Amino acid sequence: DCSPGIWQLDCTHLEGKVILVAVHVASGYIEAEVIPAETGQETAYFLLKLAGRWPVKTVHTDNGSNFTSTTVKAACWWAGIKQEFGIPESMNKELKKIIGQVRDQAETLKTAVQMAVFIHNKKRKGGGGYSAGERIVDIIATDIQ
């Protein structure tokens, strides 16, 4: 029943590095990237990429100060994004769980993260039974037509 334009964006920390995690709330679909620094510039750039791919209307975060930089506000201004305050989970544990499971199968954390994203988005969820990757595409397509 969730609006299809709503996304959640946070950062977690692992191995002294920073993982930016975006969740499409309606579907559970995720996108993630290991970023060199937890900064406004990184968040702004990430939001521009996200918005060119999906119809992003509002973004929520669990750390509001993430969104106070002028650099982030410029990215939401240009892409027509607004901040979402009133949201009614949680993938940071679950994605961290998958990362832990595949970690030794890759040299770098960034590679393991993308493996974990792949696994998460492709998993059939019947425990009828689509994956997050299938649900996002259906939700958006139905919302077009």
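Quick note: we count residues from 1 along the sequence shown, nothing fancier.
Counting the unmodelled positions of the deposited sequence between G80 and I81 gives zero. Of the two segments examined, 36-44 and 111-119, it is 36-44 that shows the higher average Cα temperature factor in the deposited entry. Set 93-101 against 25-33 and average the Cα temperature factors; 93-101 ends up higher.
In this PDB entry, the Cα temperature factor of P88 sits in the top third of its chain's modelled residues, the highest group.
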